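Peer 1: Could you have a look at this structure, given as C-alpha cells, before my questions?
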Protein chains: 2
Amino acid sequence: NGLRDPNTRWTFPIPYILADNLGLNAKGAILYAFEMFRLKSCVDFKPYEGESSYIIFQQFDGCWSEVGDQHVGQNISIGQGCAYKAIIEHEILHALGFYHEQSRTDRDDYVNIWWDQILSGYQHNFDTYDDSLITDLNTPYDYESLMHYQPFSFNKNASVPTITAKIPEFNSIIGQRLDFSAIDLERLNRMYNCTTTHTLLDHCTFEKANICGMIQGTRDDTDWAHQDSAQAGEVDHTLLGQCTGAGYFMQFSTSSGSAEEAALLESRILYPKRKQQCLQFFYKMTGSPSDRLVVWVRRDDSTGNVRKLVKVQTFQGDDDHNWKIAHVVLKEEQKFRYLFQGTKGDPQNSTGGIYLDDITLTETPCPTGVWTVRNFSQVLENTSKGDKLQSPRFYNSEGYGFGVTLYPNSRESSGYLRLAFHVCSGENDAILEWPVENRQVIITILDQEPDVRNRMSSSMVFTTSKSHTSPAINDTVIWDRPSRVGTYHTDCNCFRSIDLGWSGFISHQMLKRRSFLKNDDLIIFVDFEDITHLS
Amino acid sequence: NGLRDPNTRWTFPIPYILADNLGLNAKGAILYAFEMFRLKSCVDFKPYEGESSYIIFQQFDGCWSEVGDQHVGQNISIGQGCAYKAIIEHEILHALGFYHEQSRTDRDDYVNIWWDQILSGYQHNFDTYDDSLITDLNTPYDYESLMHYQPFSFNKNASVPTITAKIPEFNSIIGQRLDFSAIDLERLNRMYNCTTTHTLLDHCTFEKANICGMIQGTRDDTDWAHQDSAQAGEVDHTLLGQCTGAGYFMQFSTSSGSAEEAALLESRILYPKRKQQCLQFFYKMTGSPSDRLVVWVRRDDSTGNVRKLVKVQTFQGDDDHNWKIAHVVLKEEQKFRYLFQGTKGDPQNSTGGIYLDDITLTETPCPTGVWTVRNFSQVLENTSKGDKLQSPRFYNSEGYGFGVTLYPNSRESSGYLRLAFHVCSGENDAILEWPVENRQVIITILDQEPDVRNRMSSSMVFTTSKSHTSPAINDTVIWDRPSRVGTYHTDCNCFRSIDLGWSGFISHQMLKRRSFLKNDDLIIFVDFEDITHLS
Ligand SMILES: *[C@@H]1O[C@H](CO[C@@H]2O[C@@H](C)[C@@H](O)[C@@H](O)[C@@H]2O)[C@@H](O[C@@H]2O[C@H](CO)[C@@H](O[C@@H]3O[C@H](CO)[C@@H](O)[C@H](O)[C@@H]3O)[C@H](O)[C@H]2NC(C)=O)[C@H](O)[C@H]1NC(C)=O
Ligand SMILES: *[C@@H]1O[C@H](CO[C@@H]2O[C@@H](C)[C@@H](O)[C@@H](O)[C@@H]2O)[C@@H](O[C@@H]2O[C@H](CO)[C@@H](O[C@@H]3O[C@H](CO)[C@@H](O)[C@H](O)[C@@H]3O)[C@H](O)[C@H]2NC(C)=O)[C@H](O)[C@H]1NC(C)=O
Ligand SMILES: *[C@@H]1O[C@H](CO)[C@@H](O[C@@H]2O[C@H](CO)[C@@H](O[C@@H]3O[C@H](CO)[C@@H](O)[C@H](O)[C@H]3NC(C)=O)[C@H](O)[C@H]2NC(C)=O)[C@H](O)[C@H]1NC(C)=O
Ligand SMILES: *[C@@H]1O[C@H](CO)[C@@H](O[C@@H]2O[C@H](CO)[C@@H](O[C@@H]3O[C@H](CO)[C@@H](O)[C@H](O)[C@H]3NC(C)=O)[C@H](O)[C@H]2NC(C)=O)[C@H](O)[C@H]1NC(C)=O
Ligand SMILES: *[C@@H]1O[C@H](CO)[C@@H](O[C@@H]2O[C@H](CO)[C@@H](O)[C@H](O)[C@H]2NC(C)=O)[C@H](O)[C@H]1NC(C)=O
Ligand SMILES: *[C@@H]1O[C@H](CO)[C@@H](O[C@@H]2O[C@H](CO)[C@@H](O)[C@H](O)[C@H]2NC(C)=O)[C@H](O)[C@H]1NC(C)=O
Ligand SMILES: *[C@@H]1O[C@H](CO)[C@@H](O[C@@H]2O[C@H](CO)[C@@H](O)[C@H](O)[C@H]2NC(C)=O)[C@H](O)[C@H]1NC(C)=O
Ligand SMILES: *[C@@H]1O[C@H](CO)[C@@H](O[C@@H]2O[C@H](CO)[C@@H](O)[C@H](O)[C@H]2NC(C)=O)[C@H](O)[C@H]1NC(C)=O
Ligand SMILES: O=C(CCN(Cc1ccc2c(c1)OCO2)Cc1ccc2c(c1)OCO2)NO
Ligand SMILES: O=C(CCN(Cc1ccc2c(c1)OCO2)Cc1ccc2c(c1)OCO2)NO
Ligand SMILES: *[C@@H]1O[C@H](CO)[C@@H](O)[C@H](O)[C@H]1NC(C)=O
Ligand SMILES: *[C@@H]1O[C@H](CO)[C@@H](O)[C@H](O)[C@H]1NC(C)=O
Ligand SMILES: [Ca+2]
Ligand SMILES: [Ca+2]
Ligand SMILES: [Ca+2]
Ligand SMILES: [Ca+2]
Ligand SMILES: [Zn+2]
Ligand SMILES: [Zn+2]
C-alpha cells in the first residue's frame, strides 16, 4: 500500500506547523504520536522554519491527510473525536506515503467491499490502486494493520458492515486501534531505510549465553547465575515456562553465606542521545525481607573513562513473591552503564533470592503511575457488572494526586472493560491551582513485550477542562479540589473525584490477544502532565 | 568495531577486479562470497568499468584487506589456504569498514590478549581502537562474530592460546568459521542502511493466523487446515513440540472422501528480481502411496493479470513418514504465485495425509544434490572410527555423476566429522571430458532455519585439479573416468572415485549446536559446477 514514486518521499526531519484551530488536546496528542514514531522508527519531525515542503496540522471537518510529500506544503485534518494516538499515526502514515490496506492491488483475495453500504463521498477510501501506483514492499496483506478499516466504516446501516474479511475469524481483528503492527513498521522501514530508532537505547531478556553483553565484576563478593527455567517453581518472565530449554533469567540466591554479601551485574556501555532515560525491568524477591536489589549508574568521569558510580534506586521484598514491574529514571548525558546490585540480608531467614528478566531502556520519561491487577482472568469472573477496583494514589511532577478506576465488566458496554481517571486528595493540594485544567491524561494498558517495536499497547488520551461537570456535584467542574467535589475512601484516606474516561476502553476478547495478561495480570500506565505551554 | 567516519563508506554496487594471479578456485570462491552478501544484505558488487574507488582481489602473501573505502582503489589478498567463504567474507567486512571484534574499545571486559605469544609482525590484528575511530553501532560484544579470532591465532607455541575469553565456556565458541553472526548482519545493516536483501524473495513458517498471506481458492474441492501441533504423535517442523500452543503447519488429510479430491494453497504475488529462483520447503506424506503433493506456478499472462498456470514438480509418499526437505527450480521473469496442490489417492487405504512447513524462496540455483542422514546422534554413537556412509549418486547440469562420503567419527581428527567428495560413474560418462579439469565443488551442512538471515551453514570449497593424484592409482589424476580409477559398489552399481575432502569439516560439539541436527537428522548440500569461464 505504499506509493511507488520516489520523488514523493520526505527528507527527515519532516518540518511541521501545529495550527491554533487545534485545541490543546490535539496539539498534545500530535506530539505524543511523534514520540511513538521516534521510539519505533527512524522517522523524525522538527518545527517549521521556512522549508519548501511541510505538514500543517489543523482542525477541519473529519480526519484526513494527502498521500506522500506534496512539495508546496500540506494539510492534515484532526477533527473532533480524532485526538487519539492510533488516528494521528494513521494520518501521518498517509502523509509518509501509505494508502489504506484495503486499497492494496491484491485486496480482493482477502476482503469484501459492500459498495451499496458506503455513505456519500466516502467511497474513495475503498478504491484499489494498481501496481504502477503502489508497492507491496514485498509484504503480505495485514489484517492487524493500523491502515485497515473496521467492518462498520462509513456504513449507511449500523447493523450492516461495509468491509468483511473472506475468512470470518478476522472480522474480530480488522480495524485495530492499538498501534503500528509489525508489518506496518516493516513497511515503514523498507520505504525510508530505517534500521535503528531515535529512542530505543537497550533491551535484554537474557536468552543468549552472552546475556546482551552484560558483565560481572570482581569488587563484589559473589555472582549472579544465568538460570535455565528447568525447575518446578522457577520459570522466567519472558516465556513463563511455555518453551523447554528456552527461557532464561538472572538469579541471586540469598539462602546461604554472610549478610551484606553482594553481586554486581553491569551493562555494556551506552551512548545516550537525550538527557533523560527510563529503565524498565521485571523482578522477583522471594528471600529475606532484608534483601536489597539496588540500581546504579557507572558514568564517564569526563576523561572518557566509565568509572564514576551513582546510586539511582532501591527495591525490597514483601509477601508477594510473583514477578513485579520496575521503572527507574536515569538522567545521563555522557556514555554510561546500568548496574544491578543484589544483596543478601539475613541468609539464616531466607529460602529464596532475587530474579531479573526483560530489561528495556528508552530515551523517554517513565510512566507517572503504574498499576498491576493480579489474577485478572479470575477477577473478570468474580466481579459483577458495574463493581469496580481502584488504583493506589499516584503523585505527578507538579504534586497533584490522581488514580484510576477499573470496572472489569462494564455495565455501559457488555464484554468491555471501563477505565476512568480521577483526581485524589493529596499532601500538596493547598498550594496547587484548582480546577486542575490543561492537564493531559494518557492511560495505557501495557502489551508486555521487552522489545518496544513488538508492543501494541492500548492508549487513550483526554485533557482536563472546565467543560467537565456533573449533576452529582451540583453541575460544578469535576476537576475542582477533591475535598469539595470528591468522596472519602478508607482504602487510601483520600477524597477521590468523579471519574472521567472510557466505557469500552478495551474488549475482553482483545485483552486475551497479545501480552496484555502475560502472567494472568494486567499492567496499566498513567501520565498526568500540563500542556498549557503548547497554546 | 565499525569505522566511525562516514567518508570511509562505499556506494553500491562496489566495483571489483579479480586479478589473474588468483587461481580459478579463489575467483570462484570470491563470486560465491558475493552471492552470500546479496542473499543476507543489500551489499552489492559490479565488474570494474573505470570507476575511481574499487577493490582488486589478488594472491599475495597472507590474507588481508585495508579497512574502509580507500578512494584510489585497494587490494584484498586471498592467499593459499584462504579460498573459503568465511575467510573471503571476513576480508570483505574489512573493506566495508570493520575491524576485528577483539579490537573493540570494550574488548578487555570480554577477552584476555597474550601479547608474548603473538608471532612477530601480526600484533596489529590485536590492537584496540578508541571510540573516536570506531563505533559499536549500539551492539554488544559478539563471541560468535566472524570478525573474532580463534584462541590459537598467530601463537608462537601450538599448545598456548593468544586470545582467551574471560568466561571459559566461550573458548569453545570464539573464532567460528561458518558464516555471518546475527550481530554481524545487524552491524552491516546499521552501517549501510539495508532493510531488504537482493536475493531472499519469500519465507513462511505458518506461525501467524495470516499464514504469510497465503490464500485458498474454490476451483479446488477442499481446503488445507492450519494445524495446531497440540495432537499427540504429530507436531510441526519449526519447533518440533518444544513450545506449548506455538508451532503451526498446514495439513491436508487423505483418510476420507473420494479419490482425486484436491486442495490448493496459493502464495501472495511475488516480483522476481532475477530469472531463476529456488523454492525450498519441508513436508510429510503419511497417507496413501497414491497421494500427490504437486507444486505449480500461476504467472502474469502479459496483461498484468496473474492467471497463467504452469506445473513445476510432483512429490509422492514412500514408507518414511518423518519430515523431508524438497527443492523446486522456478524460472520466473514476471510476477507470479507459487502453489501447492494436495491430492487424495485411495482414502480407503490412508490413515494420514500431506503436511507442509518451513517454506523459503530465494533468487538462487537449487543445490545439485541433497543428502539426509537420519538418526544422526545414534549413528554417531554406533559407528566405529574410520567407518563410513555414502550418499546416493547425484548428477550435475553437465551430466557428471558425483556423491559424498561421510565418516561420522574421523580417525584422522578425533571429535570431528570428516566429509569428502567423489565422482560416481553414470550414464553420460562416455561423452564427457576426462579428467575433470576445472569444476568447483561446494559442500554445505545446512543450519536448518527457514529465514536465511538466521542460518550459519558450514561450507567448504575446492576445485578439481590435475594435481589431485594418489599412490593407490599409480599417480594418475583422481578425477579421471570412474571405471578406470574407482571401485565398484553394490549399493548403487556405480564405480566411486577416490574421495577428496576435509578431516575436520565440523566438530561433534559444533554439530550439537544451532540447527544442524534439528529433528535428529543431518542435511548436506552439494554443488559441482564448471568455473573455466572465469579463466
Ligand atoms: C523472616 O522472614 C519472614 C518472611 O520471609 C519468608 O519466610 C522466611 C522463613 C523464608 O521462607 C523467606 O524466604 C520468606 O520470604 C518475616 O515474616 C514477615 O514479617 C513481616 C514484618 O513483621 C510481616 O509483615 C507484616 O504483615 C502483617 C500482616 O501479617 C502486617 O499487619 C504488618 O504491617 C506487616 O506488613 C510479614 O507478613 C511476614 N511474612 C511472613 C511470610 O510471615 C520475618 O519477620 C523474618 N524474621 C526475621 C527475624 O527477620
Ligand atoms: C496401502 O498403503 C500401504 C502403505 O500405506 C500405509 O498403510 C496404510 C494401511 C495406511 O495406514 C497408510 O496411511 C500408510 O502410509 C501400501 O503398503 C506398501 O506397499 C509398498 C509397495 O508394494 C511397499 O513397498 C515395497 O516394499 C518392499 C519390501 O517390503 C520392497 O521390496 C519393494 O521394492 C517396495 O519398496 C511397502 O513396503 C508397503 N508398506 C507397508 C506399510 O506395508 C499398500 O501397498 C497399499 N495398498 C493398496 C491397496 O494400494
Ligand atoms: C533508500 O535506499 C534506496 C537504495 O536501497 C534508495 O533508492 C535509490 O535512490 C537513488 C536516488 O537517491 C537511485 O539512484 C537514481 O536512479 C535513477 C534510476 O532509477 C537514476 O536516473 C538517477 O540518476 C540515480 N541517481 C543517483 C543519485 O544515482 C537508485 O536507483 C535507487 N535504488 C533503488 C534500489 O531503488 C532510496 O532513495 C532510499 N530511500 C530513502 C527515502 O531514503
Ligand atoms: C544511512 O543514512 C544516514 C542518514 O540517516 C547516513 O548518515 C548521514 O551521512 C551523511 C554523509 O553521507 C552525513 O552528511 C554529512 O554530515 C557531516 C556532519 O556530520 C558534514 O560535515 C558533511 O558535510 C555531510 N556530508 C554530506 C554529503 O552532506 C549526515 O550528517 C549523516 N546523517 C546522520 C543522521 O548521521 C548514513 O551515511 C547512511 N549510510 C549509508 C552508507 O547508507
Ligand atoms: C490547507 O487547506 C486550506 C483550505 O482549507 C488552504 O488554504 C487555501 O489556500 C489557497 C491557495 O493560497 C487559497 O486560494 C484559498 O483561499 C485558501 N483557503 C482558505 C480557506 O484559507 C491551505 O493552503 C492548505 N494548506 C497547505 C499548506 O496545504
Ligand atoms: C438496517 O438493516 C436491517 C436489516 O436488514 C433492517 O431491519 C429490517 O427492517 C425491515 C423493515 O424495514 C424488517 O422488515 C426486517 O424484518 C428487519 N430485519 C431485521 C433483521 O431486523 C433495518 O430496517 C435497516 N435500517 C435502516 C437504517 O435502513
Ligand atoms: C596493490 O597491489 C599492486 C600490485 O602489487 C601494487 O602495485 C605495485 O606494487 C608494488 C609493490 O608494492 C610497487 O613496487 C609498485 O610501485 C606498485 N605500482 C603501482 C603504484 O601500481 C599497489 O601499490 C598495491 N596497493 C594499492 C592499494 O593499490
Ligand atoms: C610449548 O609450551 C609447552 C608447555 O610449556 C612446552 O612443554 C614444556 O617443555 C619444557 C622444556 O622446554 C618442559 O620442562 C615442560 O615439562 C614441558 N611442559 C609440558 C606441559 O609439556 C613446550 O616445550 C613449548 N614448545 C615450544 C615450541 O617452545
Ligand atoms: O478514513 C479516515 C477516517 C479516520 N479513521 C480511520 C482509521 C483510523 C485508525 C484506524 C483505522 C482507521 O483502522 C486502524 O486504526 C476512522 C475514524 C475514527 C474516528 C472518527 C472518525 C473516523 O470520524 C470522526 O471520529 N481518514 O483517514
Ligand atoms: O587475520 C587475518 C588472517 C586470516 N584469517 C582470519 C580469520 C578468518 C576467518 C575467521 C576468523 C579469522 O575468525 C572468524 O572466522 C585466519 C587465517 C585463515 C587461514 C589461513 C591464514 C589465516 O593464513 C593462511 O591460511 N587476516 O584478516
Ligand atoms: C492469585 O491466586 C493464587 C492462587 O491460585 C494466590 O496464591 C495469589 O495470592 C493470588 N494473587 C492475587 C493477589 O490475586
Ligand atoms: C530412526 O530410528 C527409528 C526408531 O527410533 C526408526 O523407526 C527409524 O526408521 C530410524 N530412521 C532411520 C532410517 O535412521
Ligand atoms: Ca528471559
Ligand atoms: Ca561478581
Ligand atoms: Ca479450497
Ligand atoms: Ca511451522
Ligand atoms: Zn486513512
Ligand atoms: Zn581480519
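Peer 1: Which trypsin sites (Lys or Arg not before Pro) in region A:241-289 pass both tests, a DSSP loop state and at most 14 other beta-carbon atoms within 10 Å? Mind showing how you got there, number by number?
Peer 2: Values: sites: A:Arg268, A:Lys273, A:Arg274, A:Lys275, A:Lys284; in loops: A:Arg268, A:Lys273, A:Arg274, A:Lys275.
Those that pass, being in a loop and sparsely packed, are A:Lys273, A:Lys275.
Peer 1: Another question, if that's okay. Filter A:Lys166/B:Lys344; A:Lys85/A:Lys275; A:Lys166/A:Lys385; A:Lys40/B:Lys273; A:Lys273/B:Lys273 down to the pairs with a C-alpha to C-alpha distance above 32 Å, please. Present the calculation step by step, with values, prior to reporting the outcome.
Peer 2: Numbers: A:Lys166/B:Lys344 26 Å; A:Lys85/A:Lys275 24 Å; A:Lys166/A:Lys385 35 Å; A:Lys40/B:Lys273 29 Å; A:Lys273/B:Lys273 39 Å.
Among A:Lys166/B:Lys344; A:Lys85/A:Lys275; A:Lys166/A:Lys385; A:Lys40/B:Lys273; A:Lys273/B:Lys273, the Cα-Cα distance tops 32 Å for A:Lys166/A:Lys385; A:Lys273/B:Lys273.
Peer 1: Next question. Please find the FRET efficiency linking B:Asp20 to B:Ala262, where r is the Cβ-Cβ separation and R0 is fixed at 45 Å, and quote it to the nearest 0.05. Numbers along the way, then the final one.
Peer 2: Details: r = 56 Å, r/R0 = 1.25.
With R0 = 45 Å, the Cβ-Cβ based efficiency is 0.20.
Peer 1: Which residues among region A:481-509 fall inside the zone where the amide N is under 19 Å from a point 7 Å beyond the Cα of A:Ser467, along Cα→Cβ?
Peer 2: Zone members listed by number: A:499-503.
Peer 1: Here's a follow-up. Sort shortest first the distances from A:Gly386 to its counterpart in every other copy, using label points 7 Å along the Cα-to-beta-carbon line, and give them in nm.
Peer 2: The answer, with the shortest distance listed first, is 9.0 nm.
Peer 1: Using the beta-carbon distance between A:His533 and A:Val160 and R0 = 45 Å, what value does 1/(1 + (r/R0)^6) give for FRET efficiency, to the nearest 0.05? List each step's numbers first, then the result.
Peer 2: Working: r = 46 Å, r/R0 = 1.03.
For A:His533 and A:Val160, the calculated efficiency is 0.45.
Peer 1: Once the piece of chain linking B:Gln348 and B:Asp61 is laid out straight, how much longer is it, given 0.36 nm per residue of separation minus the C-alpha distance between them?
Peer 2: On the way: separation 287, 0.36 × 287 = 103.32 nm, distance 6.96 nm.
Between B:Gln348 and B:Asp61, full extension yields 96.4 nm more.
Peer 1: Continuing with this model, one more query. At a 10 angstrom cut-off on C-beta neighbours, averaged per residue, how do the peptides A:5-11, A:219-225, A:32-38 rank from highest to lowest? The partial results should precede the final answer.
Peer 2: Numbers: A:5-11: 12.4, A:219-225: 15.1, A:32-38: 20.4.
Listed from highest to lowest mean packing, they are A:32-38, A:219-225, A:5-11.
Peer 1: Rounding to the nearest 20 debye, state how big the charge dipole of chain B is about its Cα centre with +1 on each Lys and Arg Cβ and -1 on each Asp and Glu Cβ.
Peer 2: On the way: 49 positive and 69 negative charges, 107 e Å.
Here the size comes out at about 520 debye.
Peer 1: Do any GluC sites (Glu not before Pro) in region A:356-453 lie in a loop, going by DSSP, with at most 14 other beta-carbon atoms within 10 Å of their beta carbon, and if so which? Numbers along the way, then the final one.
Peer 2: Working: sites: A:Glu363, A:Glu381, A:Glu398, A:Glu412, A:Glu427, A:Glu433, A:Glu437; in loops: A:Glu363, A:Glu398, A:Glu412, A:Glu427, A:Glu433, A:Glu437.
Qualifying residues, ordered by number: A:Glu398, A:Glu412, A:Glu427, A:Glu433.
Peer 1: Any idea how far apart B:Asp223 and B:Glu433 come out in nm if each label point goes 7 Å out from Cα toward Cβ?
Peer 2: Computed distance between label sites B:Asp223 and B:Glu433 equals 5.7 nm.
Peer 1: Please list the helices of chain A that count as membrane-span-like by this rule: a mean Kyte-Doolittle hydropathy of at least 0.0 together with Cα atoms stretching 15 Å or more along the helix axis, each helix being a complete DSSP H run.
Peer 2: On the way: long enough: A:24-40 (24 Å, 0.46); A:85-96 (16 Å, 0.62); A:182-192 (16 Å, -0.45).
Those that pass (Cα extent of 15 Å or more, hydropathy at least 0.0) are A:24-40, A:85-96.
Peer 1: Once the dipole of region A:310-393 is set up with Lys and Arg at +1 and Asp and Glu at -1 on Cβ about the Cα centre, which of A:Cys366, A:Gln348, A:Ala326 lies farthest towards its positive end?
Peer 2: Towards the positive end, the residue furthest out is A:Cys366.
Peer 1: I would also like to ask the following. What gaps in nm, shortest first, separate B:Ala158 from its twins in the other copies when you place the label 7 Å past Cα toward the beta carbon?
Peer 2: The answer, with the shortest distance listed first, is 8.7 nm.
Peer 1: Same structure again: Considering the options A:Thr135, A:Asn75, A:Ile167, tell which one lies farthest towards the positive end of the dipole of region A:1-198, charges being +1 on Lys and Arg and -1 on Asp and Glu at the Cβ, about the Cα centre.
Peer 2: A:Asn75
Peer 1: Shielding by partners for B:132-138, please: the mean number of other protein chain Cβ atoms within 10 Å of each residue's Cβ. Don't skip to the answer; put the middle values down first.
Peer 2: On the way: counts 1, 0, 0, 1, 5, 2, 7.
The mean count of partner-chain Cβ atoms within 10 Å per residue comes to 2.
Peer 1: Just the number, please: percent antiparallel of the DSSP beta bridges in region A:1-198, rounded to the nearest 5.
Peer 2: Values: 9 of 19 bridges.
Bridges in region A:1-198 that DSSP calls antiparallel: roughly 45 percent.
Peer 1: Now a separate question. May I ask for the net charge around B:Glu433, where only other residues with Cβ less than 11 Å from the Cβ of B:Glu433 are counted and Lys, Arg are +1 while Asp, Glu are -1?
Peer 2: Numbers: positive: B:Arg439, B:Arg481; negative: B:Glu398, B:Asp429, B:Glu437, B:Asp480, B:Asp530.
Charge balance near B:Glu433 sits at -3.
Peer 1: Also: Local charge sum around A:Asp491 (other residues, Cβ-Cβ under 13 Å, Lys/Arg +1, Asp/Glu -1)?
Peer 2: Values: positive: A:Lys388, A:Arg393, A:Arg496; negative: none.
With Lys, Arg at +1 and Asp, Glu at -1, the net is +3.
Peer 1: Also, I was wondering about something else. B:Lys308 label point, 7 Å along Cα→Cβ, cut-off 17 Å on backbone N: hits in region B:319-356?
Peer 2: B:330-339
Peer 1: What is the dipole size for region B:1-198, taken about its Cα centre, with +1 at each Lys and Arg Cβ and -1 at each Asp and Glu Cβ, in debye to the nearest 20? Numbers along the way, then the final one.
Peer 2: Values: 14 positive and 26 negative charges, 76 e Å.
Dipole about the Cα centre, nearest 20: 360 debye.
Peer 1: Size of the dipole of region B:466-535 about the Cα centre, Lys and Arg at +1 and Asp and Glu at -1 on the beta carbon, nothing else charged, in debye to 20? Present the calculation step by step, with values, prior to reporting the outcome.
Peer 2: Values: 8 positive and 9 negative charges, 49 e Å.
I would put it at about 240 debye.
Peer 1: Among DSSP beta bridges whose residues both lie in the protein assembly as shown, state the antiparallel percentage, nearest 5.
Peer 2: Details: 199 of 219 bridges.
Bridges in the protein assembly as shown that DSSP calls antiparallel: roughly 90 percent.
Peer 1: Can you give the Rg/Rh ratio of region B:253-394, where Rg is from the C-alpha atoms and Rh is the Kirkwood radius?
Peer 2: Working: Rg = 18.1 Å, Rh = 17.2 Å.
That ratio equals 1.05.
Peer 1: Using Cβ contacts closer than 10 Å as the measure, can you line up A:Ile354, B:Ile478 from fewest to most?
Peer 2: On the way: A:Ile354 26, B:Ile478 23.
By the 10 Å Cβ count, ascending: B:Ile478, A:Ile354.
Peer 1: I need the inter-copy label distances for A:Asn493: point set 7 Å along Cα to C-beta, values in nm with one decimal, smallest first.
Peer 2: Listed shortest first, these distances are 9.8 nm.
Peer 1: Next up: Hey, fewest Cβ within 10 Å first, where do B:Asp44, B:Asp291 land in order? Write out the running numbers ahead of the final one.
Peer 2: Details: B:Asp44 13, B:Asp291 25.
Ranking B:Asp44, B:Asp291 by Cβ neighbours within 10 Å, fewest first, gives B:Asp44, B:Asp291.
Peer 1: Could I have the simple spin-label model distance between A:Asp127 and B:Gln123, label points 7 Å from Cα toward Cβ, reported in nm to one decimal?
Peer 2: 7.2 nm
Peer 1: Can you compute the label reach from B:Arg484? Point 7 Å from Cα along the Cβ direction, backbone N cut-off under 20 Å, restricted to region B:428-442.
Peer 2: B:428-439
Peer 1: For labels at A:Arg374 and A:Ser397 in the simple 7 Å Cα→Cβ model, what's the distance in nm?
Peer 2: Here the answer is 3.3 nm between the modelled labels.
Coordinate-derived values only; no laboratory data. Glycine gets a Cβ as well: all are built from the backbone with ideal geometry, and neighbour counts include every protein chain shown.
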